[PDB]
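Asker: Once you've had a glance at the structure underneath, I'll fire off some questions.
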Amino acid sequence: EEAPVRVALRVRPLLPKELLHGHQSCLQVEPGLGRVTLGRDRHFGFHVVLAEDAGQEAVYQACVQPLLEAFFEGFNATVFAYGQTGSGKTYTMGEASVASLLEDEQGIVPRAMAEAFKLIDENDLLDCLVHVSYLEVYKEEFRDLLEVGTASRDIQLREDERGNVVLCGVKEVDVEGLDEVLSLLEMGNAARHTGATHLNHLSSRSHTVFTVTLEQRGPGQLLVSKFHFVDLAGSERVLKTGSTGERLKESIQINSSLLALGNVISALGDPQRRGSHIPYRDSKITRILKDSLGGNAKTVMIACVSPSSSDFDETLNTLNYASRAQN
Amino acid sequence: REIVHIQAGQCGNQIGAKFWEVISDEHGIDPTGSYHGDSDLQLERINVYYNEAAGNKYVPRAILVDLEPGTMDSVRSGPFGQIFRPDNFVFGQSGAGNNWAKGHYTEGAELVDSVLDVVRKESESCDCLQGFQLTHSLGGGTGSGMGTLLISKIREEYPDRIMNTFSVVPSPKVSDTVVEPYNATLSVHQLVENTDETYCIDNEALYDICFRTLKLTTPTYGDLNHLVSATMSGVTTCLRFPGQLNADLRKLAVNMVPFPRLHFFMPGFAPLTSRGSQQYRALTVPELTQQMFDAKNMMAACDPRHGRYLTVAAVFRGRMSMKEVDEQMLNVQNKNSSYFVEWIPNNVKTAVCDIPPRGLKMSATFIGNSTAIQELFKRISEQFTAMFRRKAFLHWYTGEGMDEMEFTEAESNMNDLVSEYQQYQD
Amino acid sequence: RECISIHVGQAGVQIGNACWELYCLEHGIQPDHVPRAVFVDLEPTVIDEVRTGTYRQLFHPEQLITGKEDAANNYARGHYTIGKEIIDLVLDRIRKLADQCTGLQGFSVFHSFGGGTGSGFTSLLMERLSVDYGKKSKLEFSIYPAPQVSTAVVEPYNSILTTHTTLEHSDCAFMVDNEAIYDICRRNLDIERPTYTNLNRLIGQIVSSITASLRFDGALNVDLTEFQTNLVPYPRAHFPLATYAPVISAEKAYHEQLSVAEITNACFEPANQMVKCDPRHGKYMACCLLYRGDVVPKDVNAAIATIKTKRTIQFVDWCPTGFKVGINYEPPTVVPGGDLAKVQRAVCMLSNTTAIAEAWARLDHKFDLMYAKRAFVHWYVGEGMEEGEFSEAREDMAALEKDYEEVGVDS
Ligand SMILES: CC(=O)O[C@H]1C(=O)[C@@]2(C)[C@H]([C@H](OC(=O)c3ccccc3)[C@]3(O)C[C@H](OC(=O)[C@H](O)[C@@H](NC(=O)c4ccccc4)c4ccccc4)C(C)=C1C3(C)C)[C@]1(OC(C)=O)CO[C@@H]1C[C@@H]2O
Ligand SMILES: Nc1nc2c(ncn2[C@@H]2O[C@H](COP(=O)(O)OP(=O)(O)OP(=O)(O)O)[C@@H](O)[C@H]2O)c(=O)[nH]1
Ligand SMILES: Nc1nc2c(ncn2[C@@H]2O[C@H](COP(=O)(O)OP(=O)(O)O)[C@@H](O)[C@H]2O)c(=O)[nH]1
Ligand SMILES: Nc1ncnc2c1ncn2[C@@H]1O[C@H](COP(=O)(O)OP(=O)(O)O)[C@@H](O)[C@H]1O
Ligand SMILES: [Mg+2]
Ligand SMILES: [Mg+2]
């Protein structure tokens, strides 16, 4: 019941304002060969490579359709949105995307709930209940996005006797339709568009958490599956050094969380280190990915890479990060 | 630079009591009276642990917290029971029950905000704050629950300073409270995310030193608190006197821990002699260099030889030569060099003060971090999960707001805290 | 102009304490002119040493600088925020001293690497001096890390990040280490209590052999600016090694049929030169000397001859001759509490060798071992640093050792 890591690579097409300053390209996507020509010499292989002509349904059929069977067979499932701020993480997840009006332009989030009810009524023999939970992580704290406010000092983590990550103080809604899902994610995004209803001070620098969960019970074999919608922060790194006195703790948050996550994935890099101690306990977003990373779970890595040469070294850092973690 | 002191628990109360009764004698402070140092050298840095009010009184800037009025009433009637401003006594009349969660959920929350009021009064009372001294025990929600509840509100309040934790971890073979060891797991679950420096103290090593190595037969608790007071007095104000090469708390913080998982510490006081007989002409750093690094003279319950070393933090004081400091330290870097793990080349940190103590000519103080604390918290984990299972006298905690998942997450946090030292022993 | 100097670091402050005591004795400076320098440290206690008893009465106290914040011994914290609050007052006081002097000569800098406090403050201080007074003389002495006699746990990382600021902000640089000075105090001083209070006397002795009674009243000067383009081969700011030879006792060492040539030849003996850069394979590119006491220059152009005809202490192939001879009339001076020799002639030396890269390898491999496991990185992230500065410091040392590889022994 333990499976290795699956990797998806998708290039976005070029936005106008990143071309209006007189920029050019730096990539050459090889979909059959499975790598890209970054500049001249950098040829970095992956599992699933898609060019800048990809929709959300192409990535959906490529990766999420094998994830949906495993989620309807009692296995944990997790997809996460990594990439540069502006490289299309919010587009890749597409939690009930609206403004991108066309039907191929909303993401995986309406599509999975559209394909759930085709098999929910067919799996009426086993007890099948689906509940959702939408959260935000910022400043090494939490935010209940199904709530107008709850103190992050009052919400903490747990862990069960079986050995999996347990939450508390989180609103759960047993969903029965796509209307409730997209309504609560309209409200979720309507109450945290810039970041938990507050002046955008890089609200995309935060983390947001969403989770779909299905139980299984008939002689009563309790194997509960989860279909996680993880939405991470930006892949970029801010030097920040003197900004407002000593208040560069936001850089301390993202740099500590991604150096911790980098030591985790680089502990999976060397196979000598994958028997070692995996430091989940350095960050909250690493502890929420504890059982998600391997075990009985299912993992598809997506890093939204940038097409243009204006993002050359940053997309290089992204490709280095995915080549160390992309597995 | 300014530091305040916390007293939680009856054991922490006794520790703080004997600590003030030592450190005021080092500066030459009569109890009601004033400075009486025959040199001016005892006076030059007294802004650290005192505050001037009238030229005679020098109030110890400290905190007095208990869930029972009788223990601190015994303190205020004792030897130095007039040196405290009595408003610093903060206490409820409620029960001092041995539940961690009694001191952390309900019967501590009745008394949190008064302590917050006192520490906000005393932090910005005066000049730039430096650190915090937490003395408590794990054997009571006074020290375990209310202690971690205090410092967990402190580190969200003050993300800047240094949190010195003086904990009393229950020894495994001498476990004088049979209903104890849940509180250890609940305490260490919320120590490892808030403080930075924890000098864990174990009573059985104190009994070992004073009862085997010292020939003093009666193990009166005043001697134990006297030794712990000497141990902590060889740390801070020793480095806040004139010194040849002096450090602070923050230097030892950057020196000792590898990671920000803050990697608990083992204290040690070097010169231990039988009362009058042990005059032996063996007085140098060298004898003390050997005296620090044995299986005894180590306040851990675990054996510190059994495992690697991370960082030797040695504190020296007295007129002495640095060449025969570093030469002895090179001998320690060469003899035990197998379990003195190699990839960190310098494992030694040197702290040199000028002054001796009041009576002794030369003394030293050892602070240590080894992998051997794995084989102390593994033993505490074993004593936890052993009688976690049968539950029959576990339902005291359930109706106090404690839930089932909290114990298991505490178990996993303490257990992979053990597992990282299982890694770095090799 | 007496090279108005700066001092920082407890090592630097105490070494300036003993050095300044030697200064105020060697000219007959009564405790009733002006101290011509500044003392800055991020801890008030080490400065309050001198601000308590001796020399407090001497100094006008309104001109020394302290920091009431933490000690902060790590390059990141010492360079950044916690040292930011002090630098401007220091700059205004040293520009006051630049205004009161007239035709000054330069800057002698005394600090250390052993701890970040006297390193990053030092770093941006030298940077701001290169911005302000870059068309001057910048001499720097720092106490070099020990290969195995080391004291700080965090000993490499400070020096590793400090190898950038010593490159493009000074030209001549001195890096003398504790270890062979302990060897001197055991061997040639003949005592068995080496305390820092004597090592400070030794460095004060070598700097008093450089500068003081040479410049102040007297007439036989040898220039600092005639060092900084007479000691580097090529204007990459290389790293010469200075050594004070007659370190023998005035108590037991009554070899009183002593001449110039003994300590002159002892300037080139390997186990006496206060660093582990013996000429096992390091060669000599420039060996400018300074003599003080009595000089028959036949001793000069006979010791130079008998060194030239050894063919064991082989010079640089491309550098034909590299000598410059400092001759001063006045003897050294012995502090009454000190231990030095009171001899009517004395020789300090200074020379740049090839094998500084050996000590750089001793520091470099030591850095890379703890860098490999990402050891102490969270403190430096906590005061705003990055991996790329570590990479640039590593390749900086790599470029320095390649430069010492080609331009040295190789022809
Ligand atoms: C003249 C002299 O030094 O006699 C000592 C003495 O001989 C010895 C036996 C003392 C004696 O202490 C003990 O035997 C002891 C008992 C219980 C717990 C720990 C120690 C002494 O009690 C200790 C005490 O030594 C001191 O005064 C230190 O400064 C000590 N201060 C206090 O103990 C103190 C006394 C009254 C009120 C408050 C404090 C100290 C040293 C370092 C750090 C903190 C405190 C005294 C005079 C003596 C005796 C009485 C025999 C020793 O201990 C200390 C801490 O000094 C044990 O070996 C050391 C040094 C000596 O060998
Ligand atoms: N030769 C010599 N070396 C010294 C002396 N004092 C200290 N050192 C060494 O030089 C290094 C620098 O001293 P530090 O005290 O750390 O100076 P710093 O880096 O500014 O840090 P601070 O402690 O805050 O002053 C130390 O690590 C010692 O090993 C001294 O008096 N003489
Ligand atoms: N060494 C030492 N340990 C003590 C002393 N008093 C108590 N202890 C230990 O501290 C543990 C907890 O004491 P504490 O929590 O402070 O008492 P409480 O506040 O009434 O709950 C007990 O298990 C004792 O073993 C003392 O005077 N000396
Ligand atoms: N591959 C893509 N195809 C079409 N549109 C895209 C793509 N990637 C990004 N976009 C558009 O860019 C806009 C902003 O991208 P966004 O998802 O906010 O970036 P990020 O979330 O990574 O900061 C979105 O509205 C989306 O419509
Ligand atoms: Mg976006
Ligand atoms: Mg110093």
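Labeling convention for the structure tokens: chains A, B, ... as they appear, residues from 1 per chain, ligands from 1 in order of appearance.
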Which polymer residues have any atom within 6 Å of an atom of range 297-309 of chain A, counting only C-alpha atoms, with same-chain residues fewer than 3 positions away left out, as number ranges by chain?
Answerer: A: 5-11, 24-26, 75-79, 82-83, 87, 292, 294, 312
Asker: With N, CA, C and O atoms retained, could you export that selection as a JSON list (two decimals), in the first residue's frame?
Answerer:
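Result file is selection-v1.json:
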```json
[["chain", "number", "residue", "atom", "x", "y", "z"],
["A", 5, "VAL", "N", 6.81, 8.38, -5.71],
["A", 5, "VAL", "CA", 6.34, 9.74, -5.93],
["A", 5, "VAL", "C", 6.12, 9.97, -7.42],
["A", 5, "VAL", "O", 6.94, 9.57, -8.25],
["A", 6, "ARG", "N", 5.01, 10.62, -7.76],
["A", 6, "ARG", "CA", 4.67, 10.99, -9.13],
["A", 6, "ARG", "C", 4.87, 12.49, -9.31],
["A", 6, "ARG", "O", 4.66, 13.27, -8.38],
["A", 7, "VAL", "N", 5.29, 12.89, -10.51],
["A", 7, "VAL", "CA", 5.71, 14.26, -10.79],
["A", 7, "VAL", "C", 4.99, 14.76, -12.05],
["A", 7, "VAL", "O", 4.97, 14.07, -13.07],
["A", 8, "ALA", "N", 4.41, 15.95, -11.96],
["A", 8, "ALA", "CA", 3.84, 16.63, -13.12],
["A", 8, "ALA", "C", 4.51, 17.99, -13.31],
["A", 8, "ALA", "O", 4.68, 18.75, -12.35],
["A", 9, "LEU", "N", 4.88, 18.30, -14.55],
["A", 9, "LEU", "CA", 5.49, 19.58, -14.89],
["A", 9, "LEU", "C", 4.62, 20.27, -15.93],
["A", 9, "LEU", "O", 4.26, 19.68, -16.95],
["A", 10, "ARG", "N", 4.29, 21.53, -15.67],
["A", 10, "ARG", "CA", 3.45, 22.32, -16.57],
["A", 10, "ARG", "C", 4.02, 23.72, -16.69],
["A", 10, "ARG", "O", 4.33, 24.36, -15.69],
["A", 11, "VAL", "N", 4.15, 24.19, -17.93],
["A", 11, "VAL", "CA", 4.58, 25.55, -18.22],
["A", 11, "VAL", "C", 3.33, 26.40, -18.43],
["A", 11, "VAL", "O", 2.35, 25.94, -19.02],
["A", 24, "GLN", "N", 12.04, 38.03, -23.40],
["A", 24, "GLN", "CA", 12.03, 36.93, -24.36],
["A", 24, "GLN", "C", 11.98, 35.59, -23.64],
["A", 24, "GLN", "O", 11.78, 35.54, -22.42],
["A", 25, "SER", "N", 12.17, 34.50, -24.38],
["A", 25, "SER", "CA", 12.04, 33.16, -23.84],
["A", 25, "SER", "C", 13.39, 32.59, -23.43],
["A", 25, "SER", "O", 14.45, 33.07, -23.84],
["A", 26, "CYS", "N", 13.34, 31.54, -22.61],
["A", 26, "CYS", "CA", 14.54, 30.82, -22.21],
["A", 26, "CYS", "C", 14.34, 29.31, -22.16],
["A", 26, "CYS", "O", 15.26, 28.61, -21.72],
["A", 75, "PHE", "N", -7.14, 5.18, 0.16],
["A", 75, "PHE", "CA", -5.79, 5.71, 0.25],
["A", 75, "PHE", "C", -5.83, 7.23, 0.36],
["A", 75, "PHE", "O", -6.73, 7.88, -0.18],
["A", 76, "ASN", "N", -4.86, 7.78, 1.07],
["A", 76, "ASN", "CA", -4.75, 9.22, 1.20],
["A", 76, "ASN", "C", -4.26, 9.82, -0.11],
["A", 76, "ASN", "O", -3.51, 9.18, -0.86],
["A", 77, "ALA", "N", -4.70, 11.04, -0.40],
["A", 77, "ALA", "CA", -4.34, 11.70, -1.64],
["A", 77, "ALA", "C", -4.05, 13.16, -1.36],
["A", 77, "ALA", "O", -4.76, 13.81, -0.58],
["A", 78, "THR", "N", -3.00, 13.68, -2.00],
["A", 78, "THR", "CA", -2.55, 15.04, -1.76],
["A", 78, "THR", "C", -2.00, 15.63, -3.04],
["A", 78, "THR", "O", -1.14, 15.01, -3.69],
["A", 79, "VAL", "N", -2.48, 16.81, -3.41],
["A", 79, "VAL", "CA", -1.90, 17.61, -4.47],
["A", 79, "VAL", "C", -1.57, 18.98, -3.89],
["A", 79, "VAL", "O", -2.27, 19.47, -2.99],
["A", 82, "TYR", "N", 3.02, 24.36, -5.97],
["A", 82, "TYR", "CA", 4.31, 25.00, -5.82],
["A", 82, "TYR", "C", 4.60, 25.82, -7.07],
["A", 82, "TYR", "O", 4.13, 25.49, -8.16],
["A", 83, "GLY", "N", 5.36, 26.89, -6.90],
["A", 83, "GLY", "CA", 5.73, 27.72, -8.03],
["A", 83, "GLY", "C", 5.91, 29.16, -7.62],
["A", 83, "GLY", "O", 5.71, 29.54, -6.47],
["A", 87, "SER", "N", 3.25, 32.56, -11.28],
["A", 87, "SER", "CA", 3.48, 31.46, -12.21],
["A", 87, "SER", "C", 2.27, 30.55, -12.35],
["A", 87, "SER", "O", 2.30, 29.62, -13.17],
["A", 292, "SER", "N", 1.22, 12.67, 4.39],
["A", 292, "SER", "CA", 1.02, 12.91, 2.96],
["A", 292, "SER", "C", 2.25, 12.51, 2.16],
["A", 292, "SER", "O", 2.12, 12.06, 1.01],
["A", 294, "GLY", "N", 4.61, 10.07, 1.24],
["A", 294, "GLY", "CA", 4.82, 8.64, 1.31],
["A", 294, "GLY", "C", 3.81, 7.97, 2.22],
["A", 294, "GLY", "O", 2.75, 8.51, 2.54],
["A", 312, "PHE", "N", 14.53, 33.76, -15.30],
["A", 312, "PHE", "CA", 15.48, 32.72, -15.69],
["A", 312, "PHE", "C", 16.09, 32.02, -14.48],
["A", 312, "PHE", "O", 15.94, 30.81, -14.30]]
```
Asker: For chain A, which residues have at least one atom within 12 Å of chain B, if we go by only C-alpha atoms? Write them as a PyMOL selection string, please.
Answerer: chain A and resi 139-141+152-154+156-168+246-247+249+256+260+273-284+287
Asker: Excluding same-chain residues fewer than 6 positions from residue 359 in chain B, what lies within 12 Å of it counting only C-alpha atoms, as a PyMOL selection string?
Answerer: chain B and resi 25-26+318
Asker: If the cut-off is 8 Å, can you tell me the residues of chain A near chain C, counting only C-alpha atoms? I'd like them as a list in words.
Answerer: residues 239, 240, 241, 246, 252, 255 and 256 of chain A
Asker: Could the residues in this selection be saved with N, CA and C atoms as a short mmCIF file (atom, residue, chain, number, x, y, z; two decimals), in the first residue's frame?
Answerer:
```
data_model
loop_
_atom_site.label_atom_id
_atom_site.label_comp_id
_atom_site.auth_asym_id
_atom_site.auth_seq_id
_atom_site.Cartn_x
_atom_site.Cartn_y
_atom_site.Cartn_z
N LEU A 239 15.23 38.71 -0.02
CA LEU A 239 16.43 38.98 0.76
C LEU A 239 16.11 39.90 1.93
N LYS A 240 15.37 40.99 1.68
CA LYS A 240 14.51 41.67 2.65
C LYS A 240 15.26 42.48 3.72
N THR A 241 16.60 42.36 3.75
CA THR A 241 17.45 42.46 4.94
C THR A 241 17.10 43.57 5.95
N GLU A 246 13.20 45.14 12.84
CA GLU A 246 13.49 43.74 13.10
C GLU A 246 12.37 42.84 12.58
N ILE A 252 11.64 35.00 7.88
CA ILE A 252 12.04 33.91 8.77
C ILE A 252 11.07 32.75 8.66
N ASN A 255 11.51 31.19 4.98
CA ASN A 255 12.84 30.64 4.80
C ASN A 255 13.05 29.44 5.72
N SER A 256 12.54 29.49 6.95
CA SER A 256 12.65 28.34 7.83
C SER A 256 11.77 27.20 7.36
#
```
Asker: What residues in chain B have any atom no more than 10 Å from chain C when counting only C-alpha atoms, and can you write them as a PyMOL selection string?
Answerer: chain B and resi 1+44-45+127-130+240-260+311-313+319-327+329-330+333+342-351
